[PDB]
Amino acid sequence: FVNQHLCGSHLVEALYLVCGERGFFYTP
Amino acid sequence: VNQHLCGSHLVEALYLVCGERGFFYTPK
Amino acid sequence: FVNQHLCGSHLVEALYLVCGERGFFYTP
Amino acid sequence: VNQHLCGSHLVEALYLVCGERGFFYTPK
Amino acid sequence: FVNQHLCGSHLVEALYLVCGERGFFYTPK
Amino acid sequence: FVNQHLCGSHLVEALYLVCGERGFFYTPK
Amino acid sequence: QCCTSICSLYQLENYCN
Amino acid sequence: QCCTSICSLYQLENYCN
Amino acid sequence: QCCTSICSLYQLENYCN
Amino acid sequence: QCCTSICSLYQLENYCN
Amino acid sequence: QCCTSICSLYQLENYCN
Amino acid sequence: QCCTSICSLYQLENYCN
Ligand SMILES: Oc1cccc(O)c1
Ligand SMILES: Oc1cccc(O)c1
Ligand SMILES: Oc1cccc(O)c1
Ligand SMILES: Oc1cccc(O)c1
Ligand SMILES: Oc1cccc(O)c1
Ligand SMILES: Oc1cccc(O)c1
Ligand SMILES: [Cl-]
Ligand SMILES: [Cl-]
Ligand SMILES: [Zn+2]
Ligand SMILES: [Zn+2]
């Protein structure tokens with residue numbers, strides 16, 4: 001699961017940027 | 001501009017702390 | 001300059017995402 | 001998906017290595 | 001395949017969060 | 001004002017890049 | 001799902017609140 | 001409450017699903 | 001300029017090649 | 001270990017000074 | 001040439017302006 | 001030092017093992 005774990009760190013950073021003030025709901 | 005910058009670190013921490021559960025993020 | 005240095009790290013990450021395949025030209 | 005992920009680390013490194021000069025980034 | 005160099009950067013970030021002020025003695029790639 | 005906690009995370013990333021495999025002994029916040 | 005294939009800005013929009 | 005102080009990993013657990 | 005005030009996606013577009 | 005098999009945060013605590 | 005190997009800081013200097 | 005005054009990469013080399 002190491003690769004999926006590294007990708008998710010990147011994913012939440014993108015979501016943070018894309019979603020701006022609305023924020024977001026993260027599930028793996 | 002620290003608000004924007006601190007959010008990016010907070011979502012990484014949340015990602016790491018919450019693991020497979022995920023989390024729900026909003027500013028404000 | 002410490003704050004501007006920290007912000008720029010964040011900025012190049014956003015640019016990387018925003019610019020996709022086109023890439024980008026960064027100057028402080 | 002490592003290509004996308006590796007680019008994000010590469011631009012941070014470039015940011016740090018290039019300093020006030022900036023850099024020019026493209027994939028491919 | 002895992003890029004160990006890149007994985008290492010994430011592991012050091014995780015260690016920084018986990019260990020706080022007392023720091024870490026080894027990066028377990 | 002500099003958030004030392006947050007600055008620390010960047011410094012550890014910089015140290016990881018600079019020191020590579022031999023690692024670092026102190027995080028100079 | 002965004003770790004098998006890469007997601008665009010538009011696919012990423014779907015996680016937002 | 002976390003940008004202006006270091007929240008405990010205990011406290012951050014409040015954001016988890 | 002993006003470290004004095006925050007830049008939107010649209011202001012960030014201007015750095016792209 | 002941790003770049004071949006995923007390590008939880010509890011696991012990483014064993015590398016703190 | 002840098003995703004599939006660790007480039008030297010010497011080599012990365014090639015991307016600088 | 002480095003979170004009050006900016007440290008160059010050459011400077012950070014002094015903290016490597
Ligand atoms: O599919 C992904 C995964 C991580 C970051 C990103 O921008 C897209
Ligand atoms: O309270 C916080 C805020 C940001 C990162 C972190 O690890 C803890
Ligand atoms: O103005 C900025 C600075 C850094 C990141 C970002 O998304 C915007
Ligand atoms: O939090 C992490 C980061 C990198 C590898 C790992 O097993 C765990
Ligand atoms: O060649 C590289 C690629 C990515 C990060 C890095 O520090 C060096
Ligand atoms: O590369 C860095 C990161 C953080 C503080 C500093 O002075 C230099
Ligand atoms: Cl920061
Ligand atoms: Cl990665
Ligand atoms: Zn930061
Ligand atoms: Zn990564």
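Here is how names work: the chains are called A, B, and so on, in the same order as the sequence lines, proteins then strands, and each is numbered from 1. Start at 1 and go down the list; that is how both ligands and their atoms are numbered. Only heavy atoms go into these numbers, but all of them, side chains included; no hydrogens, no water, no symmetry mates.
- Sulfur atoms SG of G:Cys7 and G:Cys2 are positioned under 2.5 Å apart.
- Other residues, nucleotides and ligands place no more than 12 heavy atoms under 6.0 Å from the CD atom of B:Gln3.
- The N/O atoms of K:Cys7, backbone and side chain alike, include one that comes under 3.5 Å of an N/O atom in ligand 5.
- When atom types are taken as modelled, the side chain of L:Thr4 and the backbone of L:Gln1 share a donor-acceptor pair closer than 3.5 angstrom.
- Those atoms of ligand 5 that come under 4.0 Å of a heavy atom in K:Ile6, given as number and element, are 1 (O).
- Not a single donor-acceptor pair under 3.5 Å links the side chain of C:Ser9 to the backbone N or O of C:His5.
- At a 4.0 Å heavy-atom cut-off, ligand 5 does not touch K:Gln11 at all.
- The ligand atoms of ligand 6 that sit less than 4.0 angstrom from a heavy atom of F:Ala14 are 1 (O).
- Enclosure of atom CD in E:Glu21 is not indicated, since only 12 or fewer non-hydrogen atoms of other residues, nucleotides or ligands lie within 6.0 angstrom.
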**Request:** Could you give me the CA-CA distance, side-chain angles and deciding distance for C:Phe25 and K:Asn17, then say whether side chain to side chain contact (heavy atoms under 4.5 Å, CB included) is met?
**Result:** CA-CA 9 Å; C:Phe25 175 96; K:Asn17 293 326; 3.2 Å; yes
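- No side-chain heavy atom of C:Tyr26 sits under 4.5 Å from any side-chain heavy atom of D:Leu14.
- When heavy-atom distances to ligand 5 are checked against a 4.0 Å cut-off, K:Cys2 comes that close through both its backbone and its side chain.
- At least one N, O or S atom of F:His10 sits under 2.8 Å from the Zn ion (ligand 9).
- Taking any N or O of C:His5, backbone or side chain, at least one lies under 3.5 Å from an N or O belonging to ligand 6.
- Annotation: atom 7 (O) of ligand 5 to nearest protein heavy atom, F:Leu17 CD1, 3.1 Å.
- Contact annotation: for K:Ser5 versus ligand 5, heavy atoms closer than 4.0 Å belong to the backbone alone.
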